[PDB]
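Let me begin by presenting the structure, written as structure tokens, before commenting on it.
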4 protein chains.
Amino acid sequence: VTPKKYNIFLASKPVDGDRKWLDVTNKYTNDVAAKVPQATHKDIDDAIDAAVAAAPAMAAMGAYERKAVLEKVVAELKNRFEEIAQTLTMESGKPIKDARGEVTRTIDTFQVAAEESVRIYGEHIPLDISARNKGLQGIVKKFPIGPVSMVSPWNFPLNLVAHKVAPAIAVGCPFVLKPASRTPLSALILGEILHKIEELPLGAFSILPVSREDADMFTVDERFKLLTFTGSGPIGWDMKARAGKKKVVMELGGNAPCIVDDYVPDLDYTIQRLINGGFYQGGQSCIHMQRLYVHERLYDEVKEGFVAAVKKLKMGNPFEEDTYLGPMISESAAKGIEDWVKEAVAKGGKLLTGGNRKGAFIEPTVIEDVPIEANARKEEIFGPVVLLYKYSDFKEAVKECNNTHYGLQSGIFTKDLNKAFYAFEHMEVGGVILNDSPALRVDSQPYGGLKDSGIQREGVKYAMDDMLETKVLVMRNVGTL
Amino acid sequence: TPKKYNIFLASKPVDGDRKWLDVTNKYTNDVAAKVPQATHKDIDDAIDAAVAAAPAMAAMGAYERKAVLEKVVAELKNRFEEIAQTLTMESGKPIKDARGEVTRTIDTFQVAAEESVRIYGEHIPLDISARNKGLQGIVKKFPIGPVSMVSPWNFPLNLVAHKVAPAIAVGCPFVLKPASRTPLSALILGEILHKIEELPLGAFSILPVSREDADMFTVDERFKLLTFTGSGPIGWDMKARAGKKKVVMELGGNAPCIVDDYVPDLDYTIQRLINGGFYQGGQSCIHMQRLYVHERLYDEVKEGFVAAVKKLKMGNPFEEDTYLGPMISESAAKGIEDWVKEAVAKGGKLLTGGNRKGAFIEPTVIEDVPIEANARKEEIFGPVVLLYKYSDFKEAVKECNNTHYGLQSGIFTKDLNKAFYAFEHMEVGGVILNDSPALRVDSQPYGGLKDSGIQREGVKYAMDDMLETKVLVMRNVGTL
Amino acid sequence: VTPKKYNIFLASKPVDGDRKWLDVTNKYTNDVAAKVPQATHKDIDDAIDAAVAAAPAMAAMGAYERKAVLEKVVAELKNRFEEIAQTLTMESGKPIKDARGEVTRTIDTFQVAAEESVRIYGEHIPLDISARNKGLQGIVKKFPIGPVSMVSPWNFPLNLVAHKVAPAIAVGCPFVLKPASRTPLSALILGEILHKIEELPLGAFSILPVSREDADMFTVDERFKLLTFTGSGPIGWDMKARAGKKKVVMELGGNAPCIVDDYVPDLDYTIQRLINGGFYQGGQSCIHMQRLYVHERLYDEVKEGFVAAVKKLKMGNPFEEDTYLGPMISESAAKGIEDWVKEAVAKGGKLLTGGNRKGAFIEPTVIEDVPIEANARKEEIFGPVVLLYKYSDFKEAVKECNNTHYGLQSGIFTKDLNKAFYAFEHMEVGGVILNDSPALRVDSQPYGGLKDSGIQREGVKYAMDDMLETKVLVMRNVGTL
Amino acid sequence: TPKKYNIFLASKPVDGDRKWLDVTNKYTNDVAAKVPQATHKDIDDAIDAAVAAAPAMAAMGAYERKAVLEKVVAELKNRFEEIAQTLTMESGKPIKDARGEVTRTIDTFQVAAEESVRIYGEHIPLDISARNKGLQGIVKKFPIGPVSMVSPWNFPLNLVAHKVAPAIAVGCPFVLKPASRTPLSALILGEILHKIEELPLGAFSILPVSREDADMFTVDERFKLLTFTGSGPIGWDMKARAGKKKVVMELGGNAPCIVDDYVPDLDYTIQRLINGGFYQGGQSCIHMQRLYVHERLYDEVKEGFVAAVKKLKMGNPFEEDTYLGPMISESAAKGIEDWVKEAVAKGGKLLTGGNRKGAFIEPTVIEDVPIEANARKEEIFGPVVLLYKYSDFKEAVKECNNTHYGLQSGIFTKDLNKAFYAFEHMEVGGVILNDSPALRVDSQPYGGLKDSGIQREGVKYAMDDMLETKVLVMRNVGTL
């Protein structure tokens, strides 16, 4: 098996040469499936200088030119669909059905960005609000913030890249992207696509897998006006603390709960959505449903149906069409999950199903009554593990949903008008999912959270706002001859 | 001795040798006021003055428009009780309801004062394709120009405020035709406006008009907008004859309410149903005329509702504890009484009331009135509620829609899906959730579908109809 | 020359059968190039009944389904581009270069509508503005108005159809379209495209060229919730007067002026834009530059350059690639223009160039100092005629621009900040064109006018507003357990 | 005898045995006031009270938030002269400028009152693709929670109002650290707020703090937002140490102005340049520090500008005709004097002023100061204007941008393209057209690029940073 050689992108151009090689493994077989050049400190410096130099031409592009770039990306993603999905499954270990879903969502993200690029509206504001302000009016317009530092994760290596790259192009910001070293190929495929687009100025982008020795440049470099990070909370908060003067956007982890107070529209559909929330992407999602709170009257029926449905989930080769659950990103990630499951049961948790490790594979797991002191309850598991709880009081269930240091998304199943809006009002999250699990994300919704889950929002039009600066033209007696 | 009033022609109080209009006390029937009636020449002069004042109205600073509206707010607060007393006298509405109307008028003028300094425009990119390279636009809103206002007798202060406050907030001159039965509230606004120096001369006229000249408010080409609140047949005929001008119509209704639950409880549900069915004595375009109660709740609701209507105090509207005052006229009361008798003759079961005493109609509840009866198909505009039972929610929504009107509807439910199904399928401008359809917030978009009219009132929505869009398309502006 | 037989569209289906034929002539050769079935009174009744019956399924479509219809129209227009352009030139007489420009603009119109179909936003409003309103909030949402009556013109038979049809589909309104009898083929091509789109419910559309005896149904029929008309002012105002209860939108004629107070960026570019304004579409445009006001210091230079440039304009066969000016819609239209030119010169106007008729062809004409009483000055000429005037005072030039019973668009060439904004403030029009002639229209801009030019605005998002009804959900203590 | 003040802890006036801080009259240097200094325990208690008050703050009706802000407006109008006198005393700003600051503060609180009832959300379709069928969303904004506020000494009332008014308009509890040199303006707001019943207990604290405890306002994890106005090096260091919370920074500037024309005339242009160059004695973040005049206008502008500078009355700020008061301290004045001497030593030509008399600095104009001089390189925060000539407009814009600050810029032009070229290319938050960069409307988005900070103030923009977005994603809601 000869590993495929890829190029990295430095100031819009494919580079390889005698640079050191980064190995990319097939997450199922563990074989090196690809070799990618590793960027040097000088390459990163050159990338940042090129982004600064390309900022005026990026800012001078017509709205239709920014749109044409994004539409060309959409067309190339559709054309290379299966190839991109196969590469995604290979480097991330996610089942091929989920990989195809990610490519579809990436197409939607670039498509929303294409439409938004031609809709950056400004305001005409009256400023004569009092007599002392007579004859004043303003024009409020938004401008590109400038060069953007992007650091993306390994769990959605295409879609979570798209949620940074598509808004940057829609606005007219040059960028330097550091893809995750474990999954950089999805990002490099975008680089190949972007390289062939003539409308995009030279130096508008760089996509560089970087060593640990130079990774800090993406945090501290004063030439970037914005740092946008998606990944681990402790890493993210530390980057925000050391970023310097630049603006910071963070999309971090979660410990998403779901309340089941009714079956909506029925039990079968409720179970299917709970299975999706608890085990989609093998729990390797920042909005994975980690905690399930079921009302007393429904508890035995839900537990029975839920556990029976998790026992039917196909775990195996992610390249197979009928695989529901693929392996974890690494054997070390799987060992960590296994340790937390063992600890949860040692502390009093009742194992309902799964909990066993087979290399990088973790069986879909359900644990009942895990105490607050256990790591599986307190921290983001990021694995196919669901913590099942019973409740008698709705207000108390909402309070328990909030009993976490995370605040990304929450789910609620209810037929009750007041319970639905009480949950919207009191759940300490960025998004409340009504009659679906918290694992739901529309690529146009404001996505992000409170507490340790991060700062600001992604979702194309919201991510674009963070890449834009407000400027007002205050006009004194303009139109007076 | 009846009080003598002035009318307002080109911002100035006028009287002279004009024909006198009697304004009667709607309880005692005594002539309480004498009002000059405008001539054809006064209307012509009013329209010419509005056309002449349009440039100065359009040139006012946003803070000047605000100062006018804030001065109206301050004068309404200062003359509160006097205005409320005059309101009860000319409209017949109980003094508690009249005070409520003055409060809502203060809120309407206050919302307009805040909106006057918030007329935003857009900066739009216009380079949407290669052929449109180097193009950008500034979209700004401008006063439409002189506006013709025709107001009703049921809320002679607040339904005037909903036309006048947006016109001032935008910078439109106007000519107002108040209802001849209730012109005093409109005339008190004129008195206030007359004393405001910031408002250009000729910005307003308030003229009670004969029927031989009333058509000028419809057909005159100098008016850029006609805004009418009143009777549907009158309104639709005015729209047909308006000519080139834009037309805004706030017409009647036949508002239904679904009771599928008690929210939060039975007591509160009954109180809101009483308010909807009998507030302003049913003389409201959003009066709850039809009540649909689910079969499992029917007997309990009917019993509680009928017991509560039997406790309603009917009498002298000047008395603090009076709930139900008289109808606008004895003829209005006779008409309601005829429709009640016809409803019972066609199979309707009278649960309470139905009797007339001069201009007074007892609060009435009739069960199972057929679709052929006038009380069911047409707006009653009286203290009459039609009660019905249903077994299927979808069918109750379909029956709510079984009308040629479409103003507002009400729904009491604890069900998330029923609440949003009703929002989606009710053919109205406003769906009231866990209150009767008689609810209106002075900032909400208010108006309807079908025979209930066209467009919306509520200060910022009424302002939109008094504004014209203008775009400045800029080719390579900023290229040296 | 065998005329091509077309079908008409009745409740989404192509029909012909036992119907009478409408002749469609080549506006250059006068040959009958096409035969179109004429709809009977029963066909119109069936079309309206089908639109009423399709209204619930139109209103129940997902936003993405409305988008998919519009995107499929975009794809079919691109695929049949040259064929549509050739048909346009044939039935309208407009030069092939202008016909291609009209197909591109129609593609942009349907594309803007596709993007707008997924962006119909509502508001969440606080309603607790005072103590009496405690515990109130509202959700304001927009709903399809219902069946739409559409009456389109002959001067842009594809684009001015698109500006009614694309927003109706973007919103989810069924419609019955009456295309102009002289130019129905462009509308019938949209009908062919629409017929093949499975996402569009059966009966969502009808496209019927209608005889005079049944044309009134489009005005008075109570089953229509909105009438949208583009065409002749006297016809339009009379339809508004007799429409009954339905809402009315009107796009009528104009008598567009242009002020030349400077050369922006230079004389060459100014002359080229003034030529486009005065003679593009052969002046058969509602925003044709009919009146030209040039400052006295620039007058002789502008007149010389402008007259020299009109003398170079190629008039002839609209199928020729280098033809600038094609024939008028009819010989009667040309005779009418010729009469107004002769009347203008009889009343004191000085003919600078053109003014001669050759069948349906009118030479590009320029007349100096035409008095206010002449029809060429008072009314919309809708021909290749420009009325030239000199001015000394800018404020007076603006006042003279406004000295008309129309109010569609105006143009101003200026380097002066205050003159630019004074003109924006005081010109009594829907659109002020800055440093271009009034003949400029972007398919996304709010387009329409004041005075006799009509009521309301077209431009996709503005036309959509008129096809939408506001509904508020007033919520009392929702979220109180 | 110095006046004794109270500080505010969890909405309540406190004094006790706290260490006393002296507040001096900036003209006489006499101790005018004695202010308690908060302890570490007071700050802890203030933050705990703000966390405890956050649910009641978030549960207030929009009209209750409005009523608080309207009560502040009414109290500011009532105590106008007293507040203006206290402002001149503690800040040293001339009484005319102090009165203008109270006016601007009234406008800020008034804008906030109107904005408090206008926090709109969105109803969004979420069915953007087939996989998203049956999805819809409600996007609503929620208070971010407890706010840490750190205010400056240059506008101790208005720059406090720009943090406090949006916090109340939104429903955020807050802990304010006023500048220790000018706390009295902040303590008057506290006195006003203490008497407002609608405001929940613990909603606010106003605490003058020692350097030993000042870091709590930066690092404490109970605060959800840090909003700072002051010195750039201090601000950037606070952003670095803030932790997880959101950070808003309003820092200094080095504002330039281009004079390419006289708009509408020379007299008006000179008056605005004088206002820009010397209003608040240059002790403003938008003070016009650099003046670029086109070569054809240069001699005429220099002559008129220098002559007008020479007429400026410098003296006792309590006098009605004083234009220029003293600097905040003698040390501040000595620093400005050193930079003026350094500018002249490096080649700058002194056209007027440059002398120090205690805390007073004469209004100064220096021509051709090189880029290496501190007076050109850094924010002077004094009555000093750096005068330059240019021949090329594009080059003048480039030179305006030749700074590490980016708050505001000014441009005088009659040219449409120059106006919009400057709007496009000036690296600032606000471009002032036909006025100096010292212009600020209390409703405009105010803030900057580069070292001038992050985010925007101006009531509705400051409210945005105090709000968190929450979406309710609804799956098949309304399906029965």
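Please note that chains go A, B, ... in the order of the structure tokens, that every chain numbers its residues from 1, and that ligands are numbered from 1 in the order shown.
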
* Which neighbours of residue 55 of chain A fall inside 12 Å, counting only C-alpha atoms, when residues of the same chain fewer than 5 positions from it are skipped, and could you give them as an MDAnalysis selection string? -> chainID A and resid 48:50 60:61 143:148 168:169 171:175 200:205 223:225

Filtering to N, CA, C and O atoms, could you give me those residues as an mmCIF file, in the first residue's frame?
```
data_model
loop_
_atom_site.group_PDB
_atom_site.id
_atom_site.type_symbol
_atom_site.label_atom_id
_atom_site.label_comp_id
_atom_site.auth_asym_id
_atom_site.auth_seq_id
_atom_site.Cartn_x
_atom_site.Cartn_y
_atom_site.Cartn_z
ATOM 1 N N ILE A 48 1.751 34.282 6.445
ATOM 2 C CA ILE A 48 1.178 35.433 7.146
ATOM 3 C C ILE A 48 1.486 36.737 6.384
ATOM 4 O O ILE A 48 0.573 37.551 6.200
ATOM 5 N N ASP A 49 2.742 36.911 5.909
ATOM 6 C CA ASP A 49 3.114 38.082 5.107
ATOM 7 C C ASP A 49 2.271 38.189 3.830
ATOM 8 O O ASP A 49 1.864 39.293 3.462
ATOM 9 N N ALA A 50 2.023 37.044 3.165
ATOM 10 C CA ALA A 50 1.237 36.982 1.929
ATOM 11 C C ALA A 50 -0.226 37.336 2.184
ATOM 12 O O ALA A 50 -0.819 38.010 1.351
ATOM 13 N N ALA A 60 -10.988 44.754 -2.005
ATOM 14 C CA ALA A 60 -11.386 45.419 -3.258
ATOM 15 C C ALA A 60 -12.233 44.530 -4.195
ATOM 16 O O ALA A 60 -12.818 45.038 -5.145
ATOM 17 N N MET A 61 -12.303 43.220 -3.947
ATOM 18 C CA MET A 61 -13.122 42.323 -4.774
ATOM 19 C C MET A 61 -14.596 42.786 -4.740
ATOM 20 O O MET A 61 -15.098 43.212 -3.680
ATOM 21 N N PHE A 143 -16.712 46.298 7.163
ATOM 22 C CA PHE A 143 -15.492 46.087 6.406
ATOM 23 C C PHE A 143 -14.771 44.819 6.844
ATOM 24 O O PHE A 143 -14.862 44.466 8.016
ATOM 25 N N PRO A 144 -14.018 44.131 5.947
ATOM 26 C CA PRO A 144 -13.255 42.953 6.400
ATOM 27 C C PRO A 144 -12.330 43.303 7.574
ATOM 28 O O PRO A 144 -11.690 44.355 7.556
ATOM 29 N N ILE A 145 -12.300 42.460 8.611
ATOM 30 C CA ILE A 145 -11.442 42.660 9.802
ATOM 31 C C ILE A 145 -9.944 42.578 9.422
ATOM 32 O O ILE A 145 -9.115 43.244 10.042
ATOM 33 N N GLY A 146 -9.640 41.795 8.383
ATOM 34 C CA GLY A 146 -8.282 41.583 7.898
ATOM 35 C C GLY A 146 -7.861 40.130 7.993
ATOM 36 O O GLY A 146 -8.724 39.266 8.085
ATOM 37 N N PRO A 147 -6.537 39.828 8.011
ATOM 38 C CA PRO A 147 -6.085 38.417 8.079
ATOM 39 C C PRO A 147 -6.608 37.606 9.269
ATOM 40 O O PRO A 147 -6.593 38.057 10.420
ATOM 41 N N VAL A 148 -7.099 36.401 8.958
ATOM 42 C CA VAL A 148 -7.702 35.513 9.930
ATOM 43 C C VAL A 148 -6.822 34.278 10.168
ATOM 44 O O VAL A 148 -6.407 33.614 9.223
ATOM 45 N N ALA A 168 -15.020 33.664 5.662
ATOM 46 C CA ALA A 168 -13.833 34.498 5.365
ATOM 47 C C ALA A 168 -13.833 34.966 3.906
ATOM 48 O O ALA A 168 -13.569 36.136 3.637
ATOM 49 N N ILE A 169 -14.159 34.056 2.980
ATOM 50 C CA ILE A 169 -14.256 34.342 1.541
ATOM 51 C C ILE A 169 -15.502 35.217 1.256
ATOM 52 O O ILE A 169 -15.397 36.189 0.516
ATOM 53 N N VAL A 171 -16.856 37.428 3.103
ATOM 54 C CA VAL A 171 -16.555 38.758 3.626
ATOM 55 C C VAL A 171 -15.386 39.443 2.872
ATOM 56 O O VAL A 171 -15.419 40.650 2.657
ATOM 57 N N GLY A 172 -14.385 38.669 2.485
ATOM 58 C CA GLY A 172 -13.205 39.191 1.814
ATOM 59 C C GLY A 172 -12.025 39.334 2.758
ATOM 60 O O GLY A 172 -11.307 40.328 2.694
ATOM 61 N N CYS A 173 -11.822 38.340 3.632
ATOM 62 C CA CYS A 173 -10.694 38.257 4.574
ATOM 63 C C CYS A 173 -9.677 37.238 4.069
ATOM 64 O O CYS A 173 -10.060 36.076 3.910
ATOM 65 N N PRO A 174 -8.374 37.568 3.961
ATOM 66 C CA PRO A 174 -7.382 36.509 3.671
ATOM 67 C C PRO A 174 -7.198 35.648 4.940
ATOM 68 O O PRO A 174 -7.484 36.104 6.059
ATOM 69 N N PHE A 175 -6.750 34.402 4.785
ATOM 70 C CA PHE A 175 -6.619 33.542 5.955
ATOM 71 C C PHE A 175 -5.471 32.562 5.881
ATOM 72 O O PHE A 175 -5.037 32.187 4.795
ATOM 73 N N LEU A 200 -9.912 34.525 -6.923
ATOM 74 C CA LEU A 200 -9.313 34.648 -5.607
ATOM 75 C C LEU A 200 -7.878 35.196 -5.702
ATOM 76 O O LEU A 200 -7.036 34.559 -6.331
ATOM 77 N N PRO A 201 -7.606 36.411 -5.141
ATOM 78 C CA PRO A 201 -6.248 36.988 -5.233
ATOM 79 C C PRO A 201 -5.130 36.086 -4.706
ATOM 80 O O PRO A 201 -5.356 35.273 -3.812
ATOM 81 N N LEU A 202 -3.916 36.239 -5.265
ATOM 82 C CA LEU A 202 -2.735 35.479 -4.848
ATOM 83 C C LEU A 202 -2.385 35.824 -3.399
ATOM 84 O O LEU A 202 -2.343 36.998 -3.034
ATOM 85 N N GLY A 203 -2.184 34.799 -2.584
ATOM 86 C CA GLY A 203 -1.868 34.967 -1.173
ATOM 87 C C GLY A 203 -3.075 35.079 -0.258
ATOM 88 O O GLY A 203 -2.901 35.258 0.949
ATOM 89 N N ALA A 204 -4.312 34.968 -0.815
ATOM 90 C CA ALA A 204 -5.577 35.031 -0.074
ATOM 91 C C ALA A 204 -5.709 33.886 0.929
ATOM 92 O O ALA A 204 -6.447 33.997 1.912
ATOM 93 N N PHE A 205 -5.038 32.763 0.655
ATOM 94 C CA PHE A 205 -5.114 31.622 1.546
ATOM 95 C C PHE A 205 -3.805 30.841 1.633
ATOM 96 O O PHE A 205 -3.015 30.798 0.686
ATOM 97 N N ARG A 223 0.136 39.982 13.258
ATOM 98 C CA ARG A 223 -0.356 40.241 11.895
ATOM 99 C C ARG A 223 -1.806 39.735 11.673
ATOM 100 O O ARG A 223 -2.504 40.231 10.787
ATOM 101 N N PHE A 224 -2.266 38.767 12.475
ATOM 102 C CA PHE A 224 -3.652 38.315 12.384
ATOM 103 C C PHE A 224 -4.527 39.252 13.217
ATOM 104 O O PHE A 224 -4.150 39.646 14.331
ATOM 105 N N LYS A 225 -5.705 39.564 12.684
ATOM 106 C CA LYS A 225 -6.701 40.451 13.316
ATOM 107 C C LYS A 225 -7.744 39.662 14.082
ATOM 108 O O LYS A 225 -8.435 40.202 14.950
#
```

* Give me the residues within 12 Å of residue 362 of chain D as a PyMOL selection string, counting only C-alpha atoms and dropping any in the same chain fewer than 5 places off. => chain D and resi 278+281-282+309-315+323-327+333-334+336-337+340+350-357+382-385

* Enumerate as a ChimeraX atom specification all residues of segment 248-370 of chain D assigned to alpha helix (DSSP H) by DSSP on the backbone, naming them with the chain letters and numbers the document uses. => /D:266-278,298-309,330-345

* **Residues near residue 166 of chain A, cut-off 6 Å, only C-alpha atoms, skip fewer than 3 positions along chain, as a PyMOL selection string** => chain A and resi 110+113+162+169

Kindly save the residues from that selection, with N, CA, C and O atoms included, as an mmCIF file, in the first residue's frame.
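File written: out18.cif
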```cif
data_model
loop_
_atom_site.group_PDB
_atom_site.id
_atom_site.type_symbol
_atom_site.label_atom_id
_atom_site.label_comp_id
_atom_site.auth_asym_id
_atom_site.auth_seq_id
_atom_site.Cartn_x
_atom_site.Cartn_y
_atom_site.Cartn_z
ATOM 1 N N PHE A 110 -21.006 26.272 2.107
ATOM 2 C CA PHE A 110 -20.417 27.092 1.046
ATOM 3 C C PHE A 110 -21.515 27.792 0.214
ATOM 4 O O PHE A 110 -21.314 28.923 -0.230
ATOM 5 N N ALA A 113 -22.868 30.677 2.261
ATOM 6 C CA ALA A 113 -21.844 31.726 2.183
ATOM 7 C C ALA A 113 -21.887 32.465 0.860
ATOM 8 O O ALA A 113 -21.781 33.690 0.866
ATOM 9 N N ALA A 162 -15.072 24.403 6.718
ATOM 10 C CA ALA A 162 -16.017 25.176 5.898
ATOM 11 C C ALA A 162 -16.663 26.327 6.692
ATOM 12 O O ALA A 162 -16.761 27.436 6.174
ATOM 13 N N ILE A 169 -14.159 34.056 2.980
ATOM 14 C CA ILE A 169 -14.256 34.342 1.541
ATOM 15 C C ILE A 169 -15.502 35.217 1.256
ATOM 16 O O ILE A 169 -15.397 36.189 0.516
#
```

* Out of segment 81-287 of chain A, which residues get strand (DSSP E or B) from DSSP, as a ChimeraX atom specification? -> /A:122-126,136-144,148-151,175-178,205-207,210,226-230,247-251,256-260

* To do: Could you list, as number ranges by chain, the residues of chain D having an atom within 9 Å of chain C when counting only C-alpha atoms?
  => D: 61-64, 66, 117-130, 132-134, 138-140, 413-419

* Can you pull out every residue within 12 Å of residue 167 of chain D, counting only C-alpha atoms, but drop anything in the same chain fewer than 2 positions away, and send it as a ChimeraX atom specification? => /D:54,57-58,65-66,68-69,109,112-113,115-116,142-149,160-165,169-176,199,203-204,225-227,457,459-467

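Set the cut-off at 6 Å, count only C-alpha atoms, and the residues of chain C near chain A turn out to be residues 418, 421, 422, 478, 479, 480 and 481 of chain C.
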
* **Within 10 Å of residue 237 of chain A using only C-alpha atoms, minus same-chain residues under 6 positions, as a VMD selection string** => (chain A and resid 229 243 248 250 252 452 to 455) or (chain D and resid 243 to 244)

* Asked: Which residues come within 7 Å of segment 92-95 of chain C, counting only C-alpha atoms, excluding same-chain residues fewer than 5 positions away, as a PyMOL selection string?
  -> chain C and resi 27-28+154-155+183+281+318-319+323-327+329

Restrict the calculation to only C-alpha atoms, then for each residue of chain D with any atom at most 7 Å from an atom of chain B give the closest atom pair and their distance in Å to one decimal, rows by chain and rising residue number, as a Markdown table.
```
| residue | atom | partner | partner_atom | distance |
| --- | --- | --- | --- | --- |
| D:114 | CA | B:114 | CA | 6.4 |
| D:417 | CA | B:478 | CA | 4.0 |
| D:418 | CA | B:478 | CA | 6.2 |
| D:419 | CA | B:478 | CA | 7.0 |
| D:420 | CA | B:478 | CA | 4.3 |
| D:421 | CA | B:478 | CA | 4.2 |
| D:477 | CA | B:417 | CA | 5.5 |
| D:478 | CA | B:417 | CA | 4.0 |
| D:479 | CA | B:417 | CA | 5.8 |
| D:480 | CA | B:417 | CA | 5.9 |
```

Preceding selection exported with N, CA, C and O atoms as a short mmCIF file (atom, residue, chain, number, x, y, z; two decimals), in the first residue's frame:
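Dumped to part.cif:
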```
data_model
loop_
_atom_site.label_atom_id
_atom_site.label_comp_id
_atom_site.auth_asym_id
_atom_site.auth_seq_id
_atom_site.Cartn_x
_atom_site.Cartn_y
_atom_site.Cartn_z
N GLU D 114 -35.49 54.00 25.35
CA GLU D 114 -36.20 53.67 24.11
C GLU D 114 -35.77 52.33 23.53
O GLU D 114 -36.59 51.61 22.98
N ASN D 417 -16.41 61.92 -4.52
CA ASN D 417 -15.48 60.80 -4.58
C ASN D 417 -14.44 60.82 -3.47
O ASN D 417 -14.13 59.76 -2.94
N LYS D 418 -13.93 62.01 -3.09
CA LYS D 418 -12.96 62.14 -1.99
C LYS D 418 -13.60 61.74 -0.66
O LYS D 418 -12.95 61.07 0.15
N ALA D 419 -14.88 62.13 -0.46
CA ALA D 419 -15.66 61.82 0.74
C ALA D 419 -15.79 60.31 0.91
O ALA D 419 -15.45 59.78 1.97
N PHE D 420 -16.19 59.60 -0.17
CA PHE D 420 -16.38 58.16 -0.13
C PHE D 420 -15.08 57.37 -0.24
O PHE D 420 -15.03 56.25 0.26
N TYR D 421 -14.01 57.96 -0.81
CA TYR D 421 -12.69 57.33 -0.85
C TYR D 421 -12.16 57.31 0.60
O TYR D 421 -11.66 56.27 1.06
N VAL D 477 -43.13 21.71 14.72
CA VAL D 477 -43.99 22.38 15.69
C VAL D 477 -45.21 22.92 14.90
O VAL D 477 -45.05 23.62 13.91
N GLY D 478 -46.39 22.53 15.34
CA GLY D 478 -47.63 22.89 14.68
C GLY D 478 -48.22 21.73 13.90
O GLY D 478 -49.21 21.92 13.21
N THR D 479 -47.59 20.55 13.98
CA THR D 479 -48.11 19.34 13.34
C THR D 479 -48.95 18.63 14.40
O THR D 479 -48.46 18.30 15.48
N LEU D 480 -50.23 18.45 14.12
CA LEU D 480 -51.12 17.80 15.07
C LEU D 480 -50.99 16.26 15.05
O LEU D 480 -50.65 15.71 13.98
#
```
